[PDB]
Amino acid sequence: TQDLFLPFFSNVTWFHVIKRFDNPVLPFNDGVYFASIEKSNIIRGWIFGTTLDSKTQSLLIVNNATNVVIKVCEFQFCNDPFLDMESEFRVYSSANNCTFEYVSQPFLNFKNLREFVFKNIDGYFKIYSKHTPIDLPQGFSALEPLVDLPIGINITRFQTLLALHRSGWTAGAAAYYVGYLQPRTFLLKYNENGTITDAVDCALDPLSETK
Amino acid sequence: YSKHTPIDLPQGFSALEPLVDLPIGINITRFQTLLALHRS
Amino acid sequence: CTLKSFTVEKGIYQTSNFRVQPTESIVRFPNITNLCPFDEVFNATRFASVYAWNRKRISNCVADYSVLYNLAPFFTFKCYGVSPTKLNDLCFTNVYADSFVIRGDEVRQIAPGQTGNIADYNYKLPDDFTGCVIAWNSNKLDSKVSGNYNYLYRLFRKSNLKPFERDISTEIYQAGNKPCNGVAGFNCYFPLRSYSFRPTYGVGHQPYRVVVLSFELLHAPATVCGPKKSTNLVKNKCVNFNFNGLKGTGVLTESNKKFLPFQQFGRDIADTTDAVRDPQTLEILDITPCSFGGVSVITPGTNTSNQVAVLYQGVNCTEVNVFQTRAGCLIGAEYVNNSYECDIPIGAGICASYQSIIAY
Amino acid sequence: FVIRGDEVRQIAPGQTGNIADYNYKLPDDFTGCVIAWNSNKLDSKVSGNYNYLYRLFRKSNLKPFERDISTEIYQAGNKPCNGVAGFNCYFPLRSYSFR
Amino acid sequence: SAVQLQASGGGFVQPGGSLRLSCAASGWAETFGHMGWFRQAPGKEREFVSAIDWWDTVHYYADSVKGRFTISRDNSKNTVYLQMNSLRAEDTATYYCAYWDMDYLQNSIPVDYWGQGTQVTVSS
Amino acid sequence: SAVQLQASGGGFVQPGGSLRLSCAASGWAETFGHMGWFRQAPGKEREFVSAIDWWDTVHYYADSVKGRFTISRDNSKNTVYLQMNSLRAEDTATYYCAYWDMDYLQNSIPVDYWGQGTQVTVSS
Amino acid sequence: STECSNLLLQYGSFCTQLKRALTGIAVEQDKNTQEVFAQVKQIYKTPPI
Amino acid sequence: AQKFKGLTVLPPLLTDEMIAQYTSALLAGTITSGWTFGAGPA
Amino acid sequence: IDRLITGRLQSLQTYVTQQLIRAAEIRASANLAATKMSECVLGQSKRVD
Amino acid sequence: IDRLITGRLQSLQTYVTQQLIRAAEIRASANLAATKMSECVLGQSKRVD
Ligand SMILES: *[C@@H]1O[C@H](CO)[C@@H](O)[C@H](O)[C@H]1NC(C)=O
Ligand SMILES: *[C@@H]1O[C@H](CO)[C@@H](O)[C@H](O)[C@H]1NC(C)=O
Ligand SMILES: *[C@@H]1O[C@H](CO)[C@@H](O)[C@H](O)[C@H]1NC(C)=O
Ligand SMILES: *[C@@H]1O[C@H](CO)[C@@H](O)[C@H](O)[C@H]1NC(C)=O
Ligand SMILES: *[C@@H]1O[C@H](CO)[C@@H](O)[C@H](O)[C@H]1NC(C)=O
Ligand SMILES: *[C@@H]1O[C@H](CO)[C@@H](O)[C@H](O)[C@H]1NC(C)=O
Ligand SMILES: *[C@@H]1O[C@H](CO)[C@@H](O)[C@H](O)[C@H]1NC(C)=O
């Protein structure tokens, strides 16, 4: 089948948090593959939007120690929207207009990895996820759909949230990588249990084309 | 439709020709026949 | 019939399929539909003032239209541009409800192109407004024997109220050249006035609850649609069924070994829907189309005799002098343990001949 | 026959609606022609025209090219109407307002 | 529009007597349509008798019955009433409760619904 | 089908004013379809302005003339009428009434018939 | 579906052609083996020694 | 395999047992009787 | 539905033609095999190779 | 009428292809007959059967 996918052996951008505190702006393009090797669980939530201000409505997703909350509310993002035991929450200063609300159960050496893929198309914010315990891993892992959202806006940018522990202050050594999605053709090998066991790219190298 | 041939049911064969068409349209379900009785 | 002749010579023939299996049609739909909060606006006992009407937004639910029919002994309902009956089947991506209490004599002022104190100072209805208006008497609950004064309506304003506008300013209206400066008196009257709702008063002065409904069509997935009726579910015996639009016909058994919970359908090598999960009970049940036809017939030439024998292709001899062969099931012929020369081939080293009809 | 402006869209194979279910139904294989023209000058009066009637309620739809003239009281509930109008007891045919 | 009309009253009386008729409306309609009463005799046509609005503002009586029939609207139970007085023999007929669904009744011609026949007989 | 369209109205006007156009149809067509107006600026391309169904149920207007032009229909003459105000300089152009012979309108690309050009000029 | 057969019936008599061809192929296939093998009408048996 | 979507796979008339019998008979004839059995009595 | 019928029937006819050609080729091979069995087995042949 | 034209054209092609295949088979049979006439008549053949 041909669809949006991440090309194999592609360059994924790496951001390391440790006196390193990196929360830059990453363009959305068409779809996003968001991976995170997690230790001490310092990455809390996702931030999405187009203008990233109090101007145009955005999408908010948080996953605290209690549950997950999805809101569509206009916020106010400062220079360093993050969290600070994590009881100090300095991310947004205002919340004015809300459109959609939802709440669900919480989603949760190298020991943990959280994988997500977001696809905003046809006015739907499809989110697929994966959670497999353990640099980047080398092993085939099927990635399962988790939710669909009828939002119907036009995300063009996104951010990330962090929960810095205050001691001096040290940031946990969790890692996250970002990759982009392109339309291409893949071949998938279903099995008896209807599970994706292997998949070959059809545009990588001549051997792949022959396969 | 109709047919007519001079003579239990006869063990034979004979086709039927179209006699009359009525250009009406009503509800039509269970019917019953009529009879004629000679005076006595 | 298949051979297009009145005489058929000796030999096996692969006849076509005939007869009729009528069956019937059924439809299923997801169990339970999330109802929109209609009673949260209507069945609510208390209402806001006409100049401070309640505005509510409805999204992400189904809108059943049967409860509204039972709302009052006599209520006046009218939509602009949409007929009453054909409102249920429409799909809307937004709807807004405005509710308040007004005087009965001024209810007709709640209409496009209407004027009056309310239509200019309390709520203006746009001329091109599409949507619905519902009104019904509320003297029983919006009036008391001591002259309830809770509800109020605006009386004075500098400009006529715009369509879809809310004015709740309580500043003293200046009716003269001299300023009011927050002091009541000459040329300075309170813009807010309250009716006198009493049970003994006339129906014109009796309060009436009025709710307007506006349909908003934004470029977004729809959220306001009529409920879907689910029929019964015939099982086991081969019937036709229609799940969410897709068709099927035949028996219903399990095809589940590790069927993924989120998965809905299941296709064979033909990319044709075979396994389907019922929205109710969420169990899995495949199709296996029934109404098989195309049996084979072995017969000598009619010029000779008239007896025939039937051969069902690849069917067990209990799913219909009965004989069982590797090729299929044979009916009408008797097996002989003797041996002869092959006359009419059948398959797997079985031949039939007419001596009655025998197979060996 | 006389019909209410909009309705014209119903007189066509495969169409539904009151006229196309209880009053006049066309077969799917119909061949022929249909002529339709406004007659507000003649069939409508400022004095009120009410000699034109159309059936509103019927238990079952009509077969193509079918005519129903029964005037029995429609039953909408379990209780019989006994030829008397009332709750769940409405006259099957309504009238046509032309102005 | 779906309006159900119920008629109450009627019977046998004597000339010069008094009587009370009533009609009740249930269901939903386009607007606050007015309410009226008609009278049909055996072998004759229906005759306009009385017409009142939904708020007791406009009273309309036929010329032959001007100043004699009376119509009123209640305040709390939605039922219209028709007070009748000093009956004569010509009043023996079947009355019907007529509804018309519009705000202003230019004429009694546009009728959408009728009512159950109430027999009123006046005789010695 | 054989449909003839007769157009009337047009002339010289002042900016911000109102003027008069009306189109009548005669003959016989396949069905009761939509009817609209088409604008041709000098040196430019021909673009639609609006489209109204025959039964005056749903109306379609261009984004450039919304809230400023309107179209209605006669009740005893079978002639479509349209009104406008707040006319600006760009409105000086040639207008044509057109008949669309299908029940449901999808887009303005397929046009069946065209009427005689009515030139309207606005200036000071 | 049955009503599709209604259009199939009026669409022509191709089905007969295809069925006849695919049965001729089958009978020819069955005859080939018998021709290539059944060339002796006696069944001889090897001696035990 | 056996996805019976209106397509049949008929079985051959001669089972492999009969074919093996034919080959065995031919071998016996060509071993114990030279080639005369192909042109008359063996 | 007529277009669907046309496409499906065209595919069926194409498959039938392919089967016909393959069956003809197999029949030619079977005839050669029968000749070899009749000559090279049931006797001794002086034909070279 | 274009659909009728195309249908009749396909009906012609089916027949033409079938005739071509049958002609090829008959040509093969005629070649075999010619060989048999040349050998088993104009001379004596030592080929078995
Ligand atoms: C919220 O956003 C709206 C428009 O998006 C704006 O009018 C309002 O002032 C904002 N309020 C705050 C507190 O940011
Ligand atoms: C969404 O935003 C982008 C950038 O602001 C804009 O170019 C695009 O047209 C918008 N799309 C929608 C669906 O409004
Ligand atoms: C005939 O009458 C039955 C009821 O007796 C009705 O259901 C059916 O539709 C009618 N059919 C015809 C021929 O109109
Ligand atoms: C629907 O509710 C649950 C969830 O599907 C199911 O178990 C139950 O049998 C259904 N009952 C109804 C109300 O149809
Ligand atoms: C076949 O038909 C002929 C002609 O009537 C008849 O004489 C003969 O007996 C028949 N033979 C068979 C096969 O019964
Ligand atoms: C046919 O069915 C019977 C029981 O219904 C079963 O015992 C038998 O094994 C079946 N035949 C085959 C070939 O499976
Ligand atoms: C086969 O049939 C013969 C009679 O012809 C009988 O003697 C024998 O017992 C039968 N054998 C079996 C296994 O049925």
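Start at 1 and count along the chain as shown; that gives each residue its number.
Each residue, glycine too, has its Cβ placed from N, Cα and C.
Quick look at what Swiss-Prot lists:
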- C:19-35: region 'Disordered' (REGION)
- C:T23: O-linked glycosylation site (CARBOHYD)
- C:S25: O-linked glycosylation site (CARBOHYD)
- C:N31: N-linked glycosylation site (CARBOHYD)
- C:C36-C:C61: disulfide bond (DISULFID)
- C:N43: N-linked glycosylation site (CARBOHYD)
- C:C79-C:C132: disulfide bond (DISULFID)
- C:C91-C:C225: disulfide bond (DISULFID)
- C:148-156: region 'Immunodominant HLA epitope recognized by the CD8+' (REGION)
- C:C180-C:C188: disulfide bond (DISULFID)
- C:219-241: region 'Disordered' (REGION)
- C:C238-C:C290: disulfide bond (DISULFID)
- C:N303: N-linked glycosylation site (CARBOHYD)
- C:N316: N-linked glycosylation site (CARBOHYD)
- C:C317-C:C329: disulfide bond (DISULFID)
- C:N337: N-linked glycosylation site (CARBOHYD)
- C:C342-C:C351: disulfide bond (DISULFID)
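Here the features listed in Swiss-Prot are placed on the structure.
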residue: C:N31; record: N-linked glycosylation site; contacts (Cβ under 8 Å, 6+ apart): C:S230, C:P279, C:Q280, C:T281
residue: C:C36; record: disulfide bond; contacts (Cβ under 8 Å, 6+ apart): C:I58, C:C61, C:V62, C:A63, C:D64, C:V224
residue: C:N43; record: N-linked glycosylation site; contacts (Cβ under 8 Å, 6+ apart): none
residue: C:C132; record: disulfide bond; contacts (Cβ under 8 Å, 6+ apart): C:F77, C:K78, C:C79, C:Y80, C:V82, C:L87, C:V212, C:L213
residue: C:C180; record: disulfide bond; contacts (Cβ under 8 Å, 6+ apart): C:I172, C:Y173, C:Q174, C:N187, C:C188
residue: C:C225; record: disulfide bond; contacts (Cβ under 8 Å, 6+ apart): C:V62, C:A63, C:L90, C:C91, C:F92
residue: C:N316; record: N-linked glycosylation site; contacts (Cβ under 8 Å, 6+ apart): C:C329
residue: C:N337; record: N-linked glycosylation site; contacts (Cβ under 8 Å, 6+ apart): C:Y360
residue: C:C342; record: disulfide bond; contacts (Cβ under 8 Å, 6+ apart): C:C351
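In this structure, none of the recorded positions C:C36, C:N303, C:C329 sits close to ligand 6 with a C-beta under 6 angstroms from any of its atoms. With a cut-off of 8 Å between Cβ atoms, the residues of this chain six or more beyond the region 'Immunodominant HLA epitope recognized by the CD8+' (C:148-156) that come close are 47, 49-51, 101-103, 117-118, 121-122, 142, 167, 173, 175, 189-197, 207. Among the recorded positions C:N31, C:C188, C:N303, C:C329, C:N337, the residues whose Cβ lies under 6 Å from any atom of ligand 5 are, in sequence order, C:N303. C:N303 (N-linked glycosylation site) and C:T23 (O-linked glycosylation site) have their C-alpha atoms 40 Å apart, to the nearest angstrom. Contact with chain F, taken as any Cβ pair under 8 Å, is found for none of the recorded positions C:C132, C:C188, C:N316. Counting Cβ atoms from all protein chains shown, C:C91 (disulfide bond) has 12 others lying within 10 Å of its own Cβ.
If you take the Cα of C:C290 (disulfide bond) and the Cα of C:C317 (disulfide bond), they are about 17 angstrom apart, rounded to a whole number. Taking DSSP states H, G and I as helix and E and B as strand, the region 'Immunodominant HLA epitope recognized by the CD8+' (C:148-156) has 0 helix, 3 strand, 6 coil. For C:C238 (disulfide bond), the nearest of the recorded positions C:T23, C:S25, C:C317 in terms of C-alpha separation is C:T23. C:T23 (O-linked glycosylation site) sits 25 Å from C:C317 (disulfide bond), taking the CA atoms of both as reference points. Rounded to the nearest whole angstrom, the C-alpha distance between C:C317 (disulfide bond) and C:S25 (O-linked glycosylation site) is 30. C:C238 (disulfide bond) falls within neither a helix nor a strand when secondary structure is assigned with DSSP, and so counts as coil. DSSP assigns C:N337 (N-linked glycosylation site) to coil in the three-state reduction, outside any helix or strand. For C:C238 (disulfide bond), the count of additional Cβ atoms within 10 Å of its Cβ stands at 16 [all protein chains shown]. Counted within 10 Å of its Cβ, the other Cβ atoms near C:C329 (disulfide bond) come to 20, all protein chains included.
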